[PDB]
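Form deposited in one PDB entry, single chain, as structure tokens, below.
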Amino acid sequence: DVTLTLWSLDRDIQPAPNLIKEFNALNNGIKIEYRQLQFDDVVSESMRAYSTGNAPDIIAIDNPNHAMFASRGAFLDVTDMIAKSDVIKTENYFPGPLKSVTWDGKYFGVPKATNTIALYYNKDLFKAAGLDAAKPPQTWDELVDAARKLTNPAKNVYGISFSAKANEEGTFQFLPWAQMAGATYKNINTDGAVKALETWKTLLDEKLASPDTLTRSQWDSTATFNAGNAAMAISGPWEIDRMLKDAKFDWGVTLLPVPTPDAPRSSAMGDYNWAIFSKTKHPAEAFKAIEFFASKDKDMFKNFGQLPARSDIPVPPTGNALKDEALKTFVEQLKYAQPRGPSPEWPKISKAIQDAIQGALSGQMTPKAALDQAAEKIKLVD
């Protein structure tokens, strides 16, 4: 056999290792060895691997990081193999995910999946609070007020869970709030972004969200919602299949609340892309693996609760009512997602935003000063 190696963050529950086991069972003369990426310095580790000759054949890379690798020659130009393939057609893909694998008029990967974040809510806790579980909050004011009502320390319940972690988690979570209020990563210090960050300060200062929001991932925050310790959670569709098993209450999912009545919806485009490292010894076989993964996209939601990056395969209902309502909400919120970049310097942009969030939420800097600082850094890097 040709043996390939593949790196991804995906858990044993999530697509990559399962798709690999299925692929390997084909006995087609190619075998894939999986390694789950550890430690949250994926980008630097993977570039260092590439530079030293330790890179895998295939990686699932977060979409905002793609351009850094593509621009630096680390990824194989798959333009011609995509063209030749009938399994992978660029016309099948949503435009934002497709653009994220592109650099200088070439394709340097194939989208794996797409997502964004939305607002999960525990309908049983809404009901017990005297709220209307059919009417979740629509505006930031409503969201904060609901969170105040639902915060019940005597019962170990925070009103909301989210992530402000000093890595991509925090940037991905914060950008929707800034964007809805009129800002972007290219202009992150508008009055509306300050209001967004003041709103996050309210959630922490008033103890409506755990202090651990400053250091905890979206996945680990949402575990607290699933256990009944947070009444609402901002997270993505990657939570659904675990939530169905773990949450022992009735729940819904709605669009992210907007800053003033009828202000616009917005959020950041999530999820990963497949890529082949440029010095692979097995380019054709690596690409055939990716073709196999793409051929399973039609089953991704039903099997993993994740969403393909494709307009050719609109996602059908599963038959599970909670999951199917979640699907509706995420498909709707996805219509408002915006790309982080393209930028070969995304990590530096994101670090500036992370530091602003940490500075304001810790009380070390005012929200205005924190975001002004970020905007000056971003001007230089971007």
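Just count from 1 along the sequence shown to find any residue number. Take the two forms, superpose them, and find the largest set of C-alpha atoms that agree within 1.5 Å; that set is the rigid core. Shifts are known only where both forms have a C-alpha.
Although not depicted, the form deposited in another entry is the subject of the following passage.
- The one residue among 148, 72, 201, 123 whose Cα position changes by 2 Å or more between this form and the one not shown, with the core held fixed by superposition, is 72.
- Superposition of the core reveals a Cα shift of less than 2 Å for residue 348 between this form and the one not shown.
- Once the rigid core is used as the reference frame, the Cα position of residue 329 differs between this form and the one not shown by less than 2 Å.
- Once the rigid core is used as the reference frame, the Cα position of residue 290 differs between this form and the one not shown by 2 Å or more.
- In comparison with the shown form, the Cα-Cα distance of residue 335 and residue 91 decreases by at least 3 angstroms in the other form.
- In the other form, the CA atoms of residue 332 and residue 313 sit closer together than in the displayed form, by at least 3 angstroms.
- Shifted segments between this form and the one not shown, defined as at least 3 consecutive common residues whose CA atoms all move 2 Å or more after rigid-core fitting, lie at 2 to 63, 65 to 113, 272 to 306, 308 to 314, 341 to 345.
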